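A.B. asks: Sharing final-v5.txt below, compact mmCIF, C-alpha atoms and all ligand atoms:
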# COMPACT_ATOMS: atom_id res chain seq x y z
CA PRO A 5 0.00 0.00 0.00
CA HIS A 6 1.07 3.67 -0.53
CA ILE A 7 0.70 6.64 1.80
CA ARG A 8 0.49 9.73 -0.41
CA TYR A 9 1.72 12.96 1.18
CA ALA A 10 2.93 16.51 0.69
CA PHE A 11 5.10 18.49 3.12
CA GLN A 12 6.20 22.13 3.00
CA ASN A 13 7.45 23.94 6.16
CA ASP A 14 10.72 25.87 6.46
CA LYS A 15 10.76 25.51 10.29
CA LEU A 16 10.81 21.69 10.16
CA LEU A 17 13.23 19.26 8.64
CA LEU A 18 12.17 15.94 7.08
CA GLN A 19 14.65 13.52 8.71
CA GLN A 20 13.51 10.48 6.73
CA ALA A 21 10.54 8.53 5.31
CA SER A 22 11.59 4.93 5.71
CA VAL A 23 10.12 1.49 6.63
CA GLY A 24 6.57 2.93 6.77
CA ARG A 25 7.21 5.96 9.03
CA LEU A 26 7.85 9.67 8.27
CA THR A 27 9.92 11.67 10.86
CA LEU A 28 10.17 15.47 11.03
CA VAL A 29 12.44 17.35 13.44
CA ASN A 30 12.28 21.04 14.64
CA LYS A 31 14.87 23.39 13.05
CA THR A 32 14.05 26.31 15.36
CA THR A 33 13.61 26.64 19.16
CA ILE A 34 9.99 25.94 20.28
CA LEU A 35 8.83 27.99 23.33
CA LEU A 36 6.12 26.43 25.58
CA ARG A 37 4.27 28.74 28.01
CA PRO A 38 3.19 27.04 31.27
CA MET A 39 -0.59 26.29 31.68
CA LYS A 40 -1.38 26.79 27.95
CA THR A 41 -1.57 24.59 24.83
CA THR A 42 1.21 24.80 22.19
CA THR A 43 0.26 23.76 18.65
CA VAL A 44 2.76 23.01 15.87
CA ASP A 45 1.20 23.56 12.35
CA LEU A 46 3.07 20.84 10.45
CA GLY A 47 2.46 21.89 6.76
CA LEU A 48 1.96 18.15 6.28
CA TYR A 49 -0.90 16.48 4.34
CA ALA A 50 -1.53 12.76 3.90
CA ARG A 51 -4.02 10.12 2.70
CA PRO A 52 -3.77 6.48 3.83
CA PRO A 53 -4.24 3.39 1.72
CA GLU A 54 -7.56 1.51 1.76
CA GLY A 55 -8.46 -0.06 5.16
CA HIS A 56 -5.88 2.05 7.11
CA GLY A 57 -5.87 5.20 9.30
CA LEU A 58 -2.75 7.25 10.29
CA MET A 59 -1.22 7.78 13.80
CA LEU A 60 0.53 11.16 14.59
CA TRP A 61 2.85 11.42 17.69
CA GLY A 62 5.71 13.52 19.16
CA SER A 63 8.76 12.32 21.01
CA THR A 64 11.24 14.26 23.29
CA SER A 65 13.25 13.79 26.45
CA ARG A 66 12.37 17.37 27.53
CA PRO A 67 9.59 17.89 30.09
CA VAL A 68 6.82 18.15 27.37
CA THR A 69 3.87 15.75 26.69
CA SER A 70 2.29 15.51 23.16
CA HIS A 71 -1.26 14.42 22.26
CA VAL A 72 -1.32 11.13 20.25
CA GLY A 73 -3.45 11.93 17.21
CA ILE A 74 -5.72 9.46 15.40
CA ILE A 75 -5.99 10.59 11.77
CA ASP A 76 -9.23 9.63 9.90
CA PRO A 77 -9.04 8.31 6.28
CA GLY A 78 -11.39 10.90 4.95
CA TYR A 79 -9.31 13.83 6.48
CA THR A 80 -7.87 16.05 3.80
CA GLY A 81 -6.80 19.16 5.84
CA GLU A 82 -3.44 20.05 7.40
CA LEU A 83 -2.05 17.86 10.32
CA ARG A 84 -1.15 19.63 13.65
CA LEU A 85 0.75 18.42 16.69
CA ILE A 86 -0.70 19.52 20.12
CA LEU A 87 1.85 19.83 23.00
CA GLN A 88 1.53 20.55 26.76
CA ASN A 89 4.16 21.80 29.22
CA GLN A 90 4.78 19.52 32.21
CA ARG A 91 6.42 22.36 34.33
CA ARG A 92 5.07 25.49 35.94
CA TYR A 93 7.58 27.75 34.05
CA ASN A 94 8.60 28.25 30.36
CA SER A 95 10.03 25.11 28.72
CA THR A 96 11.89 25.16 25.38
CA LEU A 97 12.56 22.59 22.75
CA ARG A 98 15.94 23.52 21.19
CA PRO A 99 16.65 22.58 17.53
CA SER A 100 16.49 18.83 17.14
CA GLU A 101 14.95 18.09 20.56
CA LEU A 102 11.42 17.36 19.13
CA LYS A 103 10.78 14.38 16.84
CA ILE A 104 7.36 14.18 15.01
CA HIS A 105 6.24 10.78 13.65
CA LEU A 106 3.50 9.62 11.18
CA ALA A 107 2.67 6.01 10.20
CA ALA A 108 -0.31 3.82 9.16
CA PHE A 109 -2.39 1.03 10.74
CA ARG A 110 -5.28 -1.35 9.86
CA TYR A 111 -8.41 -0.89 11.99
CA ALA A 112 -11.99 -2.15 12.34
CA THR A 113 -15.33 -0.61 13.23
CA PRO A 114 -18.28 -2.22 14.98
CA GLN A 115 -21.92 -1.49 14.39
CA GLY A 121 -23.99 4.85 25.74
CA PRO A 122 -21.37 4.30 26.84
CA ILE A 123 -20.20 3.53 23.22
CA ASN A 124 -21.42 5.72 20.29
CA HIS A 125 -21.20 5.23 16.43
CA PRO A 126 -18.44 7.00 14.36
CA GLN A 127 -19.04 10.67 13.51
CA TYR A 128 -18.54 10.42 9.75
CA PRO A 129 -18.48 7.61 7.23
CA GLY A 130 -15.12 5.85 7.69
CA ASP A 131 -13.96 7.49 10.97
CA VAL A 132 -11.69 5.17 12.95
CA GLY A 133 -12.79 5.96 16.53
CA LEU A 134 -16.01 5.56 18.53
CA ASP A 135 -16.73 8.09 21.35
CA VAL A 136 -17.00 6.74 24.85
CA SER A 137 -19.22 8.49 27.44
CA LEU A 138 -18.22 9.39 30.98
CA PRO A 139 -19.77 7.13 33.60
CA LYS A 140 -19.71 9.86 36.38
CA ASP A 141 -19.04 13.57 37.00
CA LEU A 142 -15.34 14.46 37.38
CA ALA A 143 -13.58 17.62 38.61
CA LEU A 144 -10.14 18.10 37.04
CA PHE A 145 -7.96 20.56 39.03
CA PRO A 146 -4.94 22.33 37.45
CA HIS A 147 -1.69 20.32 37.00
CA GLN A 148 -3.38 17.21 38.44
CA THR A 149 -4.14 13.67 37.07
CA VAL A 150 -7.63 12.03 37.44
CA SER A 151 -8.34 8.36 36.69
CA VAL A 152 -11.59 6.56 35.76
CA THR A 153 -12.45 2.76 35.24
CA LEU A 154 -14.36 1.35 32.28
CA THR A 155 -15.26 -2.33 33.14
CA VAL A 156 -18.29 -3.18 30.96
CA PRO A 157 -16.78 -5.00 27.87
CA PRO A 158 -16.81 -3.40 24.47
CA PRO A 159 -17.99 -5.32 21.34
CA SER A 160 -15.58 -8.16 20.50
CA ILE A 161 -13.89 -8.14 17.01
CA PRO A 162 -11.63 -11.11 16.11
CA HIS A 163 -8.04 -10.38 15.16
CA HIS A 164 -8.42 -6.80 16.65
CA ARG A 165 -7.53 -5.11 19.96
CA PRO A 166 -9.62 -2.40 21.61
CA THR A 167 -7.52 0.64 22.69
CA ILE A 168 -8.36 4.05 24.11
CA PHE A 169 -6.96 7.40 22.69
CA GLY A 170 -7.90 11.03 23.37
CA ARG A 171 -9.80 13.44 21.12
CA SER A 172 -8.23 16.64 19.74
CA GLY A 173 -10.85 19.15 21.09
CA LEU A 174 -10.26 18.26 24.80
CA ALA A 175 -6.48 18.27 24.05
CA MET A 176 -6.79 21.84 22.75
CA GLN A 177 -8.29 22.76 26.14
CA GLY A 178 -5.33 21.27 28.06
CA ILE A 179 -6.82 17.82 28.75
CA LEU A 180 -4.76 14.79 27.64
CA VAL A 181 -5.66 11.09 27.81
CA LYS A 182 -2.73 8.66 28.29
CA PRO A 183 -3.37 6.02 25.56
CA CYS A 184 -3.88 2.43 26.77
CA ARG A 185 -5.07 -1.03 25.78
CA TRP A 186 -8.57 -1.99 26.90
CA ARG A 187 -7.75 -5.50 28.27
CA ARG A 188 -10.12 -8.29 29.37
CA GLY A 189 -10.41 -7.05 32.97
CA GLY A 190 -11.32 -3.43 32.05
CA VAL A 191 -9.21 -0.29 31.76
CA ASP A 192 -8.15 2.56 34.03
CA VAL A 193 -8.23 5.75 31.81
CA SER A 194 -6.06 8.64 33.06
CA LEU A 195 -6.68 12.31 32.23
CA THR A 196 -4.24 15.11 33.10
CA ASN A 197 -5.20 18.83 33.17
CA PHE A 198 -2.20 20.93 32.08
CA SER A 199 -4.29 24.20 32.14
CA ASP A 200 -4.57 26.84 34.85
CA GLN A 201 -8.28 26.15 35.45
CA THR A 202 -10.49 23.51 37.04
CA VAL A 203 -12.35 21.67 34.31
CA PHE A 204 -15.74 19.97 35.09
CA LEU A 205 -16.71 16.97 32.95
CA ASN A 206 -20.17 15.69 33.76
CA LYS A 207 -21.66 12.19 33.35
CA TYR A 208 -22.37 11.29 29.67
CA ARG A 209 -19.73 13.62 28.17
CA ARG A 210 -17.57 12.14 25.41
CA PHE A 211 -14.09 12.08 27.05
CA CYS A 212 -12.04 9.65 24.85
CA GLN A 213 -12.38 7.36 21.79
CA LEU A 214 -12.27 3.59 21.31
CA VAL A 215 -10.06 2.30 18.49
CA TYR A 216 -9.77 -1.34 17.24
CA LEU A 217 -6.23 -1.87 15.96
CA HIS A 218 -5.46 -5.05 14.03
CA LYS A 219 -3.45 -7.31 16.42
CA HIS A 220 -0.34 -7.15 14.10
CA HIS A 221 -0.09 -3.52 15.36
CA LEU A 222 0.61 -4.52 19.00
CA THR A 223 3.95 -6.17 19.80
CA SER A 224 6.56 -6.66 22.54
CA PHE A 225 9.62 -6.48 20.27
CA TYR A 226 11.55 -3.33 19.65
CA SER A 227 11.92 -3.15 15.85
CA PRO A 228 12.70 -0.82 13.02
CA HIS A 229 8.99 -1.03 12.67
CA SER A 230 8.00 -0.35 16.33
CA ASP A 231 8.20 2.49 18.99
CA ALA A 232 7.50 2.77 22.75
CA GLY A 233 6.12 6.35 22.36
CA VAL A 234 2.42 5.70 21.75
CA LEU A 235 0.89 3.30 24.28
CA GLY A 236 3.96 3.13 26.42
CA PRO A 237 6.28 0.29 27.30
CA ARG A 238 4.06 -2.77 27.83
CA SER A 239 2.64 -2.90 24.31
CA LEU A 240 4.57 -1.25 21.56
CA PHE A 241 2.92 0.22 18.50
CA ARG A 242 4.01 -1.58 15.30
CA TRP A 243 3.04 0.41 12.14
CA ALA A 244 2.10 -1.06 8.73
CA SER A 245 4.86 -1.70 6.18
CA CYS A 246 3.85 1.04 3.69
CA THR A 247 5.72 3.15 1.20
CA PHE A 248 5.49 6.97 1.32
CA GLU A 249 4.86 8.68 -1.99
CA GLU A 250 5.18 12.49 -2.49
CA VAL A 251 2.13 14.10 -4.27
CA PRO A 252 2.78 17.89 -3.89
CA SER A 253 -0.71 18.85 -5.09
CA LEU A 254 -2.17 17.47 -1.82
CA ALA A 255 -0.79 20.73 -0.21
CA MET A 256 -3.41 23.47 0.46
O1 LIG A 301 -3.05 15.27 16.92
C1 LIG A 301 -3.92 15.43 16.03
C2 LIG A 301 -5.15 14.76 16.10
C3 LIG A 301 -6.11 14.92 15.05
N1 LIG A 301 -5.84 15.74 13.95
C4 LIG A 301 -6.78 15.93 12.79
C5 LIG A 301 -7.02 14.63 11.99
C6 LIG A 301 -8.34 14.12 12.55
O2 LIG A 301 -9.01 13.30 11.64
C7 LIG A 301 -9.10 15.38 12.95
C8 LIG A 301 -10.07 15.16 14.15
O3 LIG A 301 -9.50 14.40 15.24
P1 LIG A 301 -10.22 14.15 16.68
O4 LIG A 301 -10.93 15.42 17.03
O5 LIG A 301 -11.33 13.30 16.33
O6 LIG A 301 -9.20 13.61 17.69
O7 LIG A 301 -8.04 16.35 13.23
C9 LIG A 301 -4.63 16.38 13.86
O8 LIG A 301 -4.46 17.07 12.82
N2 LIG A 301 -3.66 16.23 14.87
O1 LIG A 302 -13.46 15.35 12.45
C1 LIG A 302 -13.11 14.32 11.81
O2 LIG A 302 -13.25 13.18 12.31
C2 LIG A 302 -12.52 14.44 10.43
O3 LIG A 302 -12.43 15.82 10.09
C3 LIG A 302 -13.36 13.55 9.50
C4 LIG A 302 -13.25 13.77 7.98
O4 LIG A 302 -13.70 12.79 7.29
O5 LIG A 302 -12.79 14.85 7.42
Would you mind writing the structure in this file as structure tokens?
C.D. replies:
Amino acid sequence: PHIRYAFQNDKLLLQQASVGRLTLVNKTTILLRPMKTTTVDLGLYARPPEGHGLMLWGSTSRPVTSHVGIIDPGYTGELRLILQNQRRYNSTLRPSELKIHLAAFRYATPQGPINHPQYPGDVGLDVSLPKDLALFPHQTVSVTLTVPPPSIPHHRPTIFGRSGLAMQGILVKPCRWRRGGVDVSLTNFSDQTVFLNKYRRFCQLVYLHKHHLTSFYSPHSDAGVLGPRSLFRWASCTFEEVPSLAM
């Protein structure tokens, strides 16, 4: 399969597009104010092959957390990375300290608490909050989902955040939804208490094909997505530059 893309941004360098993953790195210093969202407009456009979505994620050893972005197959706008400052003062990413990754995966879609996809073809299904929560500034809050989602053979249910909460300072730490049930953690990086009532959509349910979860560290895998216990392994695709995709 081919991923077709276009990229144009003088503040970012394309490091490589190899073994199914594109990596960009920052050429300029990136300033992060405390308590506020930082967005990086990537100048990057892409369309996945049939049956696949795309995954967007950032990686750094500085004290900065990035949203893990689930990219729908019908999306034809510009991709953005959303970052949050872990400290209570300015943090900077000096040239080359931020890596930005994009790669594809096969997924499946079933037919409260679980809602149908927003648009034809969307990868994720919104999951509703089972109780009111109060999220205080610079604090983490955890919630349990225990009632099983729909079973889909050869796929693995996983939870990821949505981009609109992320823009408000609320990140979800992505995690597998395992047989026992899943503890979903939300951190508020903003300066204000955020109230999320019962029935609010707070995260999304994604069914990755099981090939996309591994324990081996590979050319084809990375600990940066779901963390260390289950590595994300992206599809073996080829990137192909189609400059007219750029808007
Ligand atoms: O980190 C992200 C996450 C999402 N999106 C784009 C592609 C998605 O299809 C669309 C909506 O994503 P959600 O609101 O559903 O997370 O925005 C990004 O550009 N960057
Ligand atoms: O909001 C989205 O999920 C995305 O924007 C969907 C399409 O198809 O364009």
A.B. asks: Which residue is closest to ligand LIG 302 (chain A)? Choose from A:167, A:202, A:197, A:172 and count all atoms listed in the file.
C.D. replies: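 Distance minimum relative to ligand LIG 302 (chain A) lands on A:172.
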A.B. asks: Can you find the residues with an atom no farther than 7 Å from (-18.5, 12.6, 24.1), counting all atoms listed in the file, and report them as number ranges by chain?
C.D. replies: A: 135-137, 208-211
A.B. asks: Just the residues within 9 Å of range 142-144 of chain A, please, counting only C-alpha atoms, with nothing from its chain fewer than 6 positions along; format it as a list in words.
C.D. replies: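 Final neighbour list, sorted by chain and number: residues 150, 152, 179, 195, 196, 197, 201, 202, 203, 204, 205, 206 and 207 of chain A.
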A.B. asks: To check your reading of the model: which residues sit at most 7 Å from ligand LIG 301 (chain A) when counting only C-alpha atoms and all ligand atoms? Write the answer as a list in words.
C.D. replies: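 Answer in the requested format: residues 60, 71, 72, 73, 74, 75, 76, 79, 82, 83, 84, 85, 86, 170, 171, 172 and 173 of chain A.
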A.B. asks: Pick out the closest residue to ligand LIG 302 (chain A) from this set: A:162, A:252, A:233, A:81. Count all atoms listed in the file.
C.D. replies: A:81
A.B. asks: Could you check the closest approach to ligand LIG 302 (chain A) for each of A:110, A:140, A:163, A:51 and tell me which residue wins, using all atoms listed in the file?
C.D. replies: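 Ranked by minimum distance to ligand LIG 302 (chain A), first place goes to A:51.
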A.B. asks: Enter the distance from CA of residue 88 in chain A to atom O4 of ligand LIG 302 (chain A), in Å, rounded to one decimal.
C.D. replies: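 Taking CA of residue 88 in chain A and atom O4 of ligand LIG 302 (chain A), their separation equals 25.9 Å.
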A.B. asks: Taking all atoms listed in the file into account, list the residues no farther than 7 Å from ligand LIG 302 (chain A), as a VMD selection string.
C.D. replies: chain A and resid 76 to 80 127 to 128 131
A.B. asks: Can you work out the spacing between CA of residue 243 in chain A and CA of residue 87 in chain A in Å, to one decimal?
C.D. replies: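 According to the coordinates, CA of residue 243 in chain A and CA of residue 87 in chain A are separated by 22.3 Å.
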A.B. asks: Would you list the residues near (8.1, 27.1, 31.7), meaning any protein, DNA or RNA residue with an atom at most 10 Å from that point in file coordinates, counting only C-alpha atoms, as a ChimeraX atom specification?
C.D. replies: /A:35-39,67,89-96
A.B. asks: Produce a file of the selected residues containing C-alpha atoms, as a short mmCIF file (atom, residue, chain, number, x, y, z; two decimals), keeping the file's coordinate frame.
C.D. replies:
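Dumped everything to result_21.cif:
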data_model
loop_
_atom_site.label_atom_id
_atom_site.label_comp_id
_atom_site.auth_asym_id
_atom_site.auth_seq_id
_atom_site.Cartn_x
_atom_site.Cartn_y
_atom_site.Cartn_z
CA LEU A 35 8.83 27.99 23.33
CA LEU A 36 6.12 26.43 25.58
CA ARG A 37 4.27 28.74 28.01
CA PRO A 38 3.19 27.04 31.27
CA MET A 39 -0.59 26.29 31.68
CA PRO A 67 9.59 17.89 30.09
CA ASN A 89 4.16 21.80 29.22
CA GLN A 90 4.78 19.52 32.21
CA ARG A 91 6.42 22.36 34.33
CA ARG A 92 5.07 25.49 35.94
CA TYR A 93 7.58 27.75 34.05
CA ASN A 94 8.60 28.25 30.36
CA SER A 95 10.03 25.11 28.72
CA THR A 96 11.89 25.16 25.38
#
A.B. asks: Hey, which of A:214, A:50, A:28, A:132 ends up closest to residue 63 in chain A? Count only C-alpha atoms.
C.D. replies: A:28
A.B. asks: For range 84-105 of chain A of the block above, can you save N, CA, C and O atoms as a PDB file, in the first residue's frame?
C.D. replies:
ATOM      1  N   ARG A  84      -1.784  18.799  12.594  1.00  0.00           N
ATOM      2  CA  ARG A  84      -1.154  19.629  13.650  1.00  0.00           C
ATOM      3  C   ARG A  84      -0.746  18.745  14.802  1.00  0.00           C
ATOM      4  O   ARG A  84      -1.483  17.804  15.119  1.00  0.00           O
ATOM      5  N   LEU A  85       0.415  19.013  15.411  1.00  0.00           N
ATOM      6  CA  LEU A  85       0.746  18.420  16.694  1.00  0.00           C
ATOM      7  C   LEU A  85       0.340  19.330  17.870  1.00  0.00           C
ATOM      8  O   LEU A  85       0.644  20.549  17.847  1.00  0.00           O
ATOM      9  N   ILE A  86      -0.271  18.746  18.921  1.00  0.00           N
ATOM     10  CA  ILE A  86      -0.696  19.519  20.115  1.00  0.00           C
ATOM     11  C   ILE A  86       0.206  19.138  21.304  1.00  0.00           C
ATOM     12  O   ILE A  86       0.312  17.945  21.627  1.00  0.00           O
ATOM     13  N   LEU A  87       0.868  20.109  21.935  1.00  0.00           N
ATOM     14  CA  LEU A  87       1.846  19.833  23.003  1.00  0.00           C
ATOM     15  C   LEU A  87       1.384  20.500  24.285  1.00  0.00           C
ATOM     16  O   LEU A  87       0.659  21.529  24.229  1.00  0.00           O
ATOM     17  N   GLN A  88       1.835  19.958  25.428  1.00  0.00           N
ATOM     18  CA  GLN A  88       1.530  20.546  26.757  1.00  0.00           C
ATOM     19  C   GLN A  88       2.775  20.558  27.626  1.00  0.00           C
ATOM     20  O   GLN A  88       3.570  19.634  27.577  1.00  0.00           O
ATOM     21  N   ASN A  89       2.919  21.604  28.443  1.00  0.00           N
ATOM     22  CA  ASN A  89       4.156  21.800  29.217  1.00  0.00           C
ATOM     23  C   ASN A  89       4.060  21.052  30.529  1.00  0.00           C
ATOM     24  O   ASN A  89       3.143  21.323  31.268  1.00  0.00           O
ATOM     25  N   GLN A  90       4.943  20.114  30.883  1.00  0.00           N
ATOM     26  CA  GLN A  90       4.779  19.515  32.215  1.00  0.00           C
ATOM     27  C   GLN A  90       5.177  20.397  33.445  1.00  0.00           C
ATOM     28  O   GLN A  90       4.802  20.081  34.557  1.00  0.00           O
ATOM     29  N   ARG A  91       5.905  21.487  33.242  1.00  0.00           N
ATOM     30  CA  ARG A  91       6.424  22.361  34.332  1.00  0.00           C
ATOM     31  C   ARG A  91       5.539  23.561  34.570  1.00  0.00           C
ATOM     32  O   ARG A  91       4.779  23.924  33.716  1.00  0.00           O
ATOM     33  N   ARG A  92       5.689  24.213  35.713  1.00  0.00           N
ATOM     34  CA  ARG A  92       5.070  25.491  35.944  1.00  0.00           C
ATOM     35  C   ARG A  92       5.856  26.744  35.498  1.00  0.00           C
ATOM     36  O   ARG A  92       5.433  27.851  35.862  1.00  0.00           O
ATOM     37  N   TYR A  93       6.931  26.594  34.697  1.00  0.00           N
ATOM     38  CA  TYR A  93       7.582  27.750  34.048  1.00  0.00           C
ATOM     39  C   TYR A  93       7.793  27.461  32.548  1.00  0.00           C
ATOM     40  O   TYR A  93       7.416  26.360  32.073  1.00  0.00           O
ATOM     41  N   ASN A  94       8.298  28.440  31.786  1.00  0.00           N
ATOM     42  CA  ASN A  94       8.600  28.250  30.356  1.00  0.00           C
ATOM     43  C   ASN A  94       9.446  27.010  30.169  1.00  0.00           C
ATOM     44  O   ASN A  94      10.354  26.782  30.965  1.00  0.00           O
ATOM     45  N   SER A  95       9.120  26.186  29.173  1.00  0.00           N
ATOM     46  CA  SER A  95      10.034  25.113  28.723  1.00  0.00           C
ATOM     47  C   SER A  95      10.378  25.358  27.254  1.00  0.00           C
ATOM     48  O   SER A  95       9.572  25.944  26.535  1.00  0.00           O
ATOM     49  N   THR A  96      11.571  24.972  26.802  1.00  0.00           N
ATOM     50  CA  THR A  96      11.885  25.164  25.379  1.00  0.00           C
ATOM     51  C   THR A  96      12.311  23.821  24.777  1.00  0.00           C
ATOM     52  O   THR A  96      12.863  22.936  25.449  1.00  0.00           O
ATOM     53  N   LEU A  97      12.028  23.672  23.493  1.00  0.00           N
ATOM     54  CA  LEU A  97      12.562  22.595  22.746  1.00  0.00           C
ATOM     55  C   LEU A  97      13.553  23.289  21.805  1.00  0.00           C
ATOM     56  O   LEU A  97      13.164  24.028  20.908  1.00  0.00           O
ATOM     57  N   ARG A  98      14.834  23.078  22.066  1.00  0.00           N
ATOM     58  CA  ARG A  98      15.944  23.525  21.186  1.00  0.00           C
ATOM     59  C   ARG A  98      15.970  22.745  19.859  1.00  0.00           C
ATOM     60  O   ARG A  98      15.435  21.614  19.785  1.00  0.00           O
ATOM     61  N   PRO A  99      16.640  23.303  18.816  1.00  0.00           N
ATOM     62  CA  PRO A  99      16.650  22.577  17.534  1.00  0.00           C
ATOM     63  C   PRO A  99      17.014  21.132  17.744  1.00  0.00           C
ATOM     64  O   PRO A  99      17.905  20.811  18.538  1.00  0.00           O
ATOM     65  N   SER A 100      16.268  20.260  17.088  1.00  0.00           N
ATOM     66  CA  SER A 100      16.489  18.834  17.143  1.00  0.00           C
ATOM     67  C   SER A 100      16.011  18.117  18.393  1.00  0.00           C
ATOM     68  O   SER A 100      16.134  16.907  18.461  1.00  0.00           O
ATOM     69  N   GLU A 101      15.445  18.806  19.368  1.00  0.00           N
ATOM     70  CA  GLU A 101      14.950  18.086  20.555  1.00  0.00           C
ATOM     71  C   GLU A 101      13.536  17.458  20.399  1.00  0.00           C
ATOM     72  O   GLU A 101      13.156  16.649  21.237  1.00  0.00           O
ATOM     73  N   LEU A 102      12.746  17.945  19.442  1.00  0.00           N
ATOM     74  CA  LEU A 102      11.419  17.364  19.128  1.00  0.00           C
ATOM     75  C   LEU A 102      11.472  16.484  17.869  1.00  0.00           C
ATOM     76  O   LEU A 102      11.862  16.962  16.766  1.00  0.00           O
ATOM     77  N   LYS A 103      11.070  15.211  18.014  1.00  0.00           N
ATOM     78  CA  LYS A 103      10.776  14.383  16.845  1.00  0.00           C
ATOM     79  C   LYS A 103       9.223  14.229  16.618  1.00  0.00           C
ATOM     80  O   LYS A 103       8.458  14.101  17.579  1.00  0.00           O
ATOM     81  N   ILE A 104       8.787  14.242  15.357  1.00  0.00           N
ATOM     82  CA  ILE A 104       7.363  14.179  15.007  1.00  0.00           C
ATOM     83  C   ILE A 104       7.250  13.031  14.045  1.00  0.00           C
ATOM     84  O   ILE A 104       7.943  13.029  13.016  1.00  0.00           O
ATOM     85  N   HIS A 105       6.440  12.040  14.420  1.00  0.00           N
ATOM     86  CA  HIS A 105       6.239  10.783  13.654  1.00  0.00           C
ATOM     87  C   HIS A 105       4.820  10.582  13.071  1.00  0.00           C
ATOM     88  O   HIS A 105       3.804  10.938  13.728  1.00  0.00           O
TER      89      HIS A 105
END
